[PDB]
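As a plain string of letters, each chain reads:
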Amino acid sequence: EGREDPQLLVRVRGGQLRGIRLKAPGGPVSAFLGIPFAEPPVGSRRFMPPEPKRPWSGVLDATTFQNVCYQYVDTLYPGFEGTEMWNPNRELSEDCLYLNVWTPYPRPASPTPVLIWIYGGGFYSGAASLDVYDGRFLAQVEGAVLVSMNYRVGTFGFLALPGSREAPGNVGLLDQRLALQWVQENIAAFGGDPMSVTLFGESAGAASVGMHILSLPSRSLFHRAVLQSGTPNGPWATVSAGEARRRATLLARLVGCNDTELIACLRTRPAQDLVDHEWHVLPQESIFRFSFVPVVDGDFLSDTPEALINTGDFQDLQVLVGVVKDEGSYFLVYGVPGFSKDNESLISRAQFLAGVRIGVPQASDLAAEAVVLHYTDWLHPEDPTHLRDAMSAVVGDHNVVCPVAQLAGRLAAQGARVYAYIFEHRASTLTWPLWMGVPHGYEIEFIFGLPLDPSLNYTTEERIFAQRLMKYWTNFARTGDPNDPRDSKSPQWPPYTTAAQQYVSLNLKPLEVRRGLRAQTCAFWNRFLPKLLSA
Amino acid sequence: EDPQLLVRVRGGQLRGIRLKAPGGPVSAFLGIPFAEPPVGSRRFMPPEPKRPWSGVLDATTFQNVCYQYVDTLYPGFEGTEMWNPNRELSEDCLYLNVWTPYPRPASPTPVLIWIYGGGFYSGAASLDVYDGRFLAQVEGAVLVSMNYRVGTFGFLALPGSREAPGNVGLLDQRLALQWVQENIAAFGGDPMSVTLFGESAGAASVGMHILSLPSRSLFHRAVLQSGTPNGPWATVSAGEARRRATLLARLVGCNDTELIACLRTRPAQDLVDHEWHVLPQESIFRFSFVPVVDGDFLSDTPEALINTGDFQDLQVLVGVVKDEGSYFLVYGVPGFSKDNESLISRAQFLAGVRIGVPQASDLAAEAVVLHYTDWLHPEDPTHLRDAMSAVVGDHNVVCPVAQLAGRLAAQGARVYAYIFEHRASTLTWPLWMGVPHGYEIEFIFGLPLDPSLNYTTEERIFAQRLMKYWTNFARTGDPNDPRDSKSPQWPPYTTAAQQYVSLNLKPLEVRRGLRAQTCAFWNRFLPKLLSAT
Ligand SMILES: CCN(CC)CCNS(=O)(=O)Cc1ccc(Cl)cc1
Ligand SMILES: CCN(CC)CCNS(=O)(=O)Cc1ccc(Cl)cc1
Ligand SMILES: *[C@@H]1O[C@H](CO)[C@@H](O)[C@H](O)[C@H]1NC(C)=O
Ligand SMILES: *[C@@H]1O[C@H](CO)[C@@H](O)[C@H](O)[C@H]1NC(C)=O
Ligand SMILES: *[C@@H]1O[C@H](CO)[C@@H](O)[C@H](O)[C@H]1NC(C)=O
């Protein structure tokens, strides 16, 4: 010590940390980046549950983000900001179980509500070190404590041979849980209140927030939750034991390999060799489907999410759920022929047809037909513009919008307090074409408050708007209610009830209350197709 | 002896009667026989042309109404009784009526032939709603309406038999059509300008005269009001017709020849008493004795026939009313009455869906309930009531109409589509029924012009507009008065634009898509569902 900033030195259960004084446009913030919460899950620890980090000697430097968990990298659009912004911005390693903490400068006097971020990226990608997950603005402007872990993704996080000792699966969710316990024990040394922990995540992250709600051991580690454009219930967020087993055995073949002697060979494999064959175990040509995701194992998940969300009691739970306007436009350029970010993606009815078999890969021709019939505009059934807008709406409604409404309805029926939003504002900074509208994950840069960075060239309204959202999110984190108690003049935001089904619009304009979250089109997806597909 | 009231036709001489319409006199020739009485051994048999008569025949009254079931539901209620027979029931039905202006036209005048409805089980040309005097007096029209055998007597079939070949009720129409070809000039009618127009079962009949080649020499234009040849209720198969006939015989106490034989030895009411008991499921908007795919009158199913036809010189006028389903709910669906408000449960809604669509499997019924439920208020008994009515109207009329209007246009026909959205100020049914099946008719025929009917002064003007549309269509195959402007114009229905107009007190409003989404569900999806399973 001696000559160092005395306000950036903190001790946690593993040892001492030297953090860093970061600059935010309105003032300084404290950051602790690269704090290990687990033993490096490498060698014989690959595919295994995480063990707590062995305490270190001396002071650990916590000024830089640590390694990103081994994952697939986007090669579709090289150097294109709209894709690279999600790409790994640190070195790739199986040694990746580190978490980051943001705090005001100096650190808070009173115990301060905690915000824990879980990134998305369909369980195959993501990192807490990305610019869009920068907790410096929430900590500066809202005075919040913000933690964000790294969890194992893809093969390393979710490959399972259910019932085995050497690959029980779901271990990426275990990484997340260990970080939640870490917060319970250590967050006080930063001014964090471990009795006011709010989870929030997006896509796969939102999904896992859901899974912590549905998993008992995790239910002690938080008090409120936010699910942004993702759910534990649905088509992509889970697989069966048999199906997970199938994808694991198949992968072993593709790379050269009794579950023991099988996994033993897998551990002798280079990490890239597993990444390079990951997409090959999908049973159908699909989009919005990911190879290695949470498995229903009768442990972390006692039953299916749908089962659990139907039976379970959520009397004293507060949830904030919501979706963006165009949840599906993003995925179309990654699989559906006719689609690209460089043209207007005007498609034929024949291409709309093929796309439905891709967006809904688990559909018999009859169910597929039903989808085509529902989404067709029989006044203009050949209009390329409408077909395009409907292709994205299929993918959007099927994977996010309807599972969310399904979830927002069950929770709200079984005791939970539920607030719901639609995010409708297209960033002026968006690098995607206009036809994609408000794509998947583009509310994130507004929750974290990036428009506050003057170098980013946003607008004054986008600034205020970003400010307003951070209020909603933080107010919800401490109160369980996004509404400000002082300000009663401005519009209110009612809970989503089964009765009225109210939700709010999130745009540059004041709150607008709307009833019914794609009510008709979702009763299609949520009530009918499961019955149809039963035969 | 008024020489205007004296006509000579191929069978002899007729004396009409000079009738009083509020704007002038008309000539009426009522009770003219076009066929030998289909009695005794002529039951279930094709009609024969009427043998000539001596002296001057008295054509001043409506003849008897073809023998049929008579409604017992609401005795004395003028909304049910207005469809009930106003003459005496007899198997001596085969007579027709003719209205012309007075004096008769000096020039060959286009003919309108009304084919009544009533589910192929009832109906008569003598009803006051079918009073063809106003169209003749005001538009200068030659108007014809025939009787045709209904129910068992017109449609009981034992396919392949010589003595119960089926579709005879349709052949009665065909004969009255040939009659007009032969004798209409005598009254002043242009037999080269003949327009068929009918409602419900009659619109279906009209549709089959389009689909049957021998009939195609008998007219040039058609109008289908709230009914189609295609659909769930308008035809049966040979197997099913044979089934119902064989069953009815069992019910009344009766080889083909030896079965139709014993049937002829039965009083009419003994057949009517068991008419409904042959329906396979508890249904509504389903009729026991209707036209049948015989391979003769109907070479194939109407669907298979409309899918392959060439209508490159046909001109059609099709349409529906607002609430094509309200009428049929009080006749079976629990919870429904015209005396309360029929706010219903949800189990009640599912119960009715099973009855309105008795053809549906468990899954297809579910599909119906899911589609029609308003998930914002999925237990609102007011919406559930309105939806039960909509399931029935769309399944049985609206979507079939849309299906047909599309195929005709696609295959060369010139089709005009409407929807009747006005509810009469004199309507005696409850409000929740809105504009029920058959309530465009009072207005097409011009009943408002009868001052005793207490219609409003705007309903009077509205009727005159429709009469103009219908007659203009008959004269030209185009509903548009070639003297107007701006309104705008009633445009042809196309497979592309799917344009149609609405008929109410306000001027013409052009709309696009006739339940386009809801019908794709009916026309395209539900078959494939059951077609699979
Ligand atoms: C959570 C953030 N997302 C949404 C923008 C970032 C991108 N990744 S994604 O999983 O959403 C879509 C995807 C899928 C398969 C392939 Cl090969 C590539 C991309
Ligand atoms: C001119 C055609 N209609 C339209 C109102 C007159 C009578 N109505 S109807 O016969 O069509 C319907 C019906 C069905 C079954 C029974 Cl038991 C009673 C009525
Ligand atoms: C858009 O891009 C894709 C990929 O190149 C291509 O398949 C499609 O033909 C393009 N559409 C247009 C309108 O050029
Ligand atoms: C906005 O500021 C200027 C505009 O020319 C530019 O140099 C800078 O790169 C822009 N910022 C971004 C990243 O859009
Ligand atoms: C409507 O009438 C039916 C038949 O009488 C009856 O069962 C029902 O109670 C009535 N519905 C009401 C009162 O809303």
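Parameters and conventions
- Residues numbered from 1 in each chain as written, not as in the entry; some residues may be left out.
- Chains lettered and ligands numbered in written order.
- Heavy atoms only, no water.
- Residues with missing side-chain atoms left out of burial classes, pairs and counts.
- Helix = DSSP H or I, 4+ residues; strand = E, 2+ residues; numbered from the N terminus.
- Rg over C-alpha atoms; globule rule 2.2 N^0.38 Å.
- Disulfide = S-S within 2.5 Å.
- Buried < 20%, exposed > 50% of the residue type's maximum accessible area, 1.4 Å probe, protein only.
- Near = heavy atom within 4 Å.
- Polar contact = N/O pair within 3.5 Å; in protein donor to acceptor, adjacent residues only side chain to side chain.
- Pairing = 2+ DSSP bridges.
- Axes fitted to C-alpha atoms, helices over the stretch in contact; angles between N-to-C directions.
- Contact = heavy atoms within 4.5 Å.
- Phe/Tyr/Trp six-rings, centres within 6.5 Å; stacked < 30°, edge-to-face > 60°.
- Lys NZ or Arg CZ within 6 Å of the ring centre and 35° of its normal.
- Buried area = accessible area lost by both parts, 1.4 Å probe.
- Salt bridge = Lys/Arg side-chain N within 4 Å of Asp/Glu carboxyl O.

If you check the header, you'll see the entry was determined by X-ray crystallography and the resolution is listed as 2.80 Å.

A. Quick peek at the overall build of chain A. Scanning chain A from N- to C-terminus turns up 16 helices and 16 strands. Its C-alpha atoms give chain A a radius of gyration of 23 Å, within 12% of the compact-globule value 24 Å for 535 residues. Principal-axis analysis of the C-alpha atoms places the extent of chain A at approximately 75 × 65 × 45 Å.

B. Quick peek at the state of the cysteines. Residue and element names in this part refer to chain A. The tally for this structure, following the rule as stated, stands at six disulfides over all chains. Each disulfide pairs two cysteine sulfurs, and for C257 the partner residue is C265, the sulfurs being separated by 2.0 Å. As the torsion about the S-S bond is roughly -70°, the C257-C265 disulfide counts as left-handed. A residue is classified by how much of its surface remains accessible, and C257, at 30% relative accessible area, is partly exposed. For chain B, numbering the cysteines in disulfides from first to last along the sequence yields the connectivity 1-2, 3-4, 5-6. What connects to what in chain A, once the bonded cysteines are numbered by sequence position, is 1-2, 3-4, 5-6.

C. Summary view of the site of ligand 5. Every residue close to ligand 5 is listed here: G335, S337 and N340 of chain B. The side chain of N340 of chain B places a nitrogen or oxygen atom 2.4 Å from an oxygen atom of ligand 5.

D. Region of the structure containing the sheet that holds strand 8 (residues 98–104) of chain A. Residues and elements named next belong to chain A. The strand order across the open sheet built from 11 strands is 3-4-8-10-9-11-12-13-14-15-16, with neighbouring strands paired in mixed fashion. Across the chains shown, the open sheet's two edge strands, defined by having one partner strand only, are strand 3 (20–24) and strand 16 (513–515). Taking each pair of neighbouring strands and ignoring which way they run, the sheet shows an average axis angle of 25°. Running over the sheet, helix 13 (residues 384–413) touches strand 12 (224–228), strand 13 (318–324) and strand 14 (417–423) and is turned about 160° from strand 13.

E. Summary view of the packing of aromatic side chains. Residue and element names in this part refer to chain A. Considering all chains together, one arrives at 75 aromatic pairs over all chains under this definition. Each member of the aromatic cluster is reached from another via a ring pair, and the members are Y72, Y77, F80, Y124, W236, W279, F288, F290, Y330, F331, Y334 and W432. A cation over an aromatic ring shows up here: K341 above the ring of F80, its NZ or CZ 3.7 Å from the ring centre.

F. Geometry of unusual backbone geometry. Looking along the chain, the bond that leaves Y105 of chain A and enters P106 of chain A is cis, with omega of 0°. Checked against the element boundaries, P106 of chain A lands in the loop between strand 8 and strand 9 (112–118). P488 of chain B follows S487 of chain B through a cis peptide bond whose omega is 5°. Along the chain, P488 of chain B turns up in the loop between helix 13 (457–476) and strand 15 (499–503). Within the chain, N170 of chain A stands out as a residue other than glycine whose phi angle is a positive 65°. If you trace the backbone, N170 of chain A turns up in the loop between helix 3 (154–158) and helix 4 (171–186). What makes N170 of chain A buried here is its relative accessible area of 1%. Phi is positive for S342 of chain B, which is not a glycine, with a value near 55°. As for its placement among the helices and strands, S342 of chain B is situated in the loop between strand 13 (315–321) and helix 9 (347–356). The class of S342 of chain B is buried, set by a relative accessible area of 2%.

G. Representation of the environment of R250 of chain B. Summarising the element assignment, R250 of chain B is placed in helix 5 (residues 238–252). Note: C-alpha distance between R250 of chain B and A157 of chain B (93 residues apart in sequence) is 15 Å.

H. Summary view of the interface of chain B and chain A. At the interface, 23 residues of chain B touch 21 residues of chain A. Buried area between chain B and chain A, summed over both chains or domains, comes out near 1,800 Å², and the portion from carbon and sulfur atoms is 64%. Together, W375, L376 and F525 of chain B form the three largest contributors to the area buried by chain B at its contact with chain A, with a combined 34%. Where chain B touches chain A, the interface holds one salt bridge. Among the ionic pairs, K531 of chain A bridges to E366 of chain B, the shortest N-O distance being 2.9 Å. At the boundary of chain B and chain A, one finds six residue pairs in polar contact.

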